[PDB]
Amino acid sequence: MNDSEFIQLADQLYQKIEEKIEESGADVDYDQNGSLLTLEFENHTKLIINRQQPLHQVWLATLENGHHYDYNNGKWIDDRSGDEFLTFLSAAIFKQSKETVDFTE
């Protein structure tokens, strides 16, 4: 993957996350500030998504941990656990808001 391709795929991801939040009507606020996509819950907790363009990775910070994802099999896959980004993001949103956002279907 080159940088230009990474940008296309990461833009598709960010837009997918935003569209699925809108679709769901969930009370999740989102703000893209360049490389950053911050999700904010009513309880004032956040999830922070960052693009690391030279590594061609998307990173996710939860309250406890950081996760780094490579694009593999048409999906974003955690490079230590092998978990899929969007499934993991759904689970995190449910914990911090008790609202369901399905990003995969």
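One rule holds for the numbers: they count along the sequence shown, beginning at 1.
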Mean C-alpha B-factor higher for 45-53, or for 27-35? 27-35
Take the C-alpha B-factors listed in the entry for 83-91 and for 13-21, compute each mean, and give the stretch with the larger one. 83-91
What third of its chain, lowest, middle or highest, does the C-alpha temperature factor of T104 fall into? middle
Which third, lowest, middle or highest, does the C-alpha temperature factor of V58 belong to within its own chain? lowest
Lowest, middle or highest third - CA B-factor, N2: highest
